[PDB]
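So you can see what is in the structure, the chains are spelled out below.
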Amino acid sequence: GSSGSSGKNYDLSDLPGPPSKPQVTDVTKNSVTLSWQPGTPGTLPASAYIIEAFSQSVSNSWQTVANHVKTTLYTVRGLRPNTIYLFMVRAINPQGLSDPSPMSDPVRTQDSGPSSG
């Protein structure tokens, strides 16, 4: 469409093109807000997004930390203060998940003080 070239040409895929790397906006002791710009369709439309997180000091796994996200800006919650986190965004469609976004790179939560200062 409004482009017609890329480095590669086609794929063996029926999935959306992935989101951009998220940003980070609001953070607290245990919520943080992520903002990204969306993927684009091809074969099919998009259904929703996921966000995963990973933290060595939480569980050794990547886990789902929001599911069927219908927005581009999302407050994560329930985290641990003074703990590092990673995030990736994933698109969803009628056939699979897309390729992931880039990682957010490791945020740190604040602390469970009030931050009067």
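Residues numbered from 1 in each chain as written, not as in the entry; some residues may be left out. Heavy atoms only, no water.

- The record names solution NMR as the way this model was obtained.

## Notes on the packing of aromatic side chains
Phase 1: Tallied over the entire structure, the rule returns 2 aromatic pairs.
Phase 2: Residues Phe54 and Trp62 carry aromatic rings whose centres are separated by 5.2 Å and whose planes lie at 40° to one another, so their mutual orientation is tilted.
Phase 3: On the basis of relative accessible area, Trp62 is assigned to the partly exposed category, the value being 29%.
Phase 4: A centroid spacing of 6.4 Å and a plane angle of 15° characterise the contact between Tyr85 and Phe87, whose relative ring orientation is stacked.
Phase 5: Looking at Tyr85, the relative accessible area reads 4%, which means it is buried. (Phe/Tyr/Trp six-rings, centres within 6.5 Å; stacked < 30°, edge-to-face > 60°. Buried < 20%, exposed > 50% of the residue type's maximum accessible area, 1.4 Å probe, protein only.)

## A closer look at the layout of surface pockets
Phase 1: Empty space within the largest pocket amounts to approximately 680 Å³.
Phase 2: What lines the largest pocket is a set of 20 residues, and nearest its centre among them are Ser6, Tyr10, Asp11, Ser13 and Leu15.
Phase 3: Classifying every residue of the lining of the largest pocket by side-chain character gives 5 nonpolar, 12 polar and 3 charged.
Phase 4: Size it by volume and the second largest pocket reaches roughly 150 Å³.
Phase 5: The element that contributes the greatest number of residues to the lining of the second largest pocket is strand β4 (residues 59-69), accounting for 4 residues.
Phase 6: Grouping the amino acids of the lining of the second largest pocket by side-chain chemistry returns 7 nonpolar, 5 polar and 1 charged. (1 Å grid on protein atoms, 1.4 Å probe; cavity = no way out; pocket = protein on both sides within 12 Å on 5 of 7 lines; lining within 4 Å. Points joined across faces, edges and corners; volume = space filled by probe spheres on them. Nonpolar A, V, L, I, M, F, W, Y, C, P; charged D, E, K, R; others polar. Helix = DSSP H or I, 4+ residues; strand = E, 2+ residues; numbered from the N terminus.)

## Digging into the environment of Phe54
Phase 1: Mapped onto the fold, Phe54 is located in strand β3 (residues 48-55).
Phase 2: Using a relative accessible area of 24% as the deciding quantity, one classes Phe54 as partly exposed.
Phase 3: Sequence-wise, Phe54 and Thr43 are 11 residues apart; in three dimensions their C-alpha atoms are separated by 31 Å.

## Notes on the pairing of strand β6 (residues 84-93)
A regular strand carries its side chains on alternate faces of the sheet.
Phase 1: For β6, a buried count of 8 out of 10 residues is recorded, marking the element as mostly surrounded by other parts of the structure.
Phase 2: Alignment of β3 against β6, held across 7 bridges, turns out to be antiparallel. Bridging across to β6, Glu52 finds its partner in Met88.
Phase 3: Note that β6 and strand β8 (residues 107-108) share 2 bridges and pair antiparallel. If you follow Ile84 over to β8, its bridge partner there is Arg108.
Phase 4: Of the strand pairs in this sheet, β6 and strand β7 (residues 96-100) are connected by 3 bridges, and their pairing is antiparallel. Following the sheet pairing, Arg90 is matched in β7 by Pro100.
Phase 5: The turn joining β6 and β7, which pair antiparallel and follow one another in sequence, is formed by 2 residues. (Pairing = 2+ DSSP bridges.)

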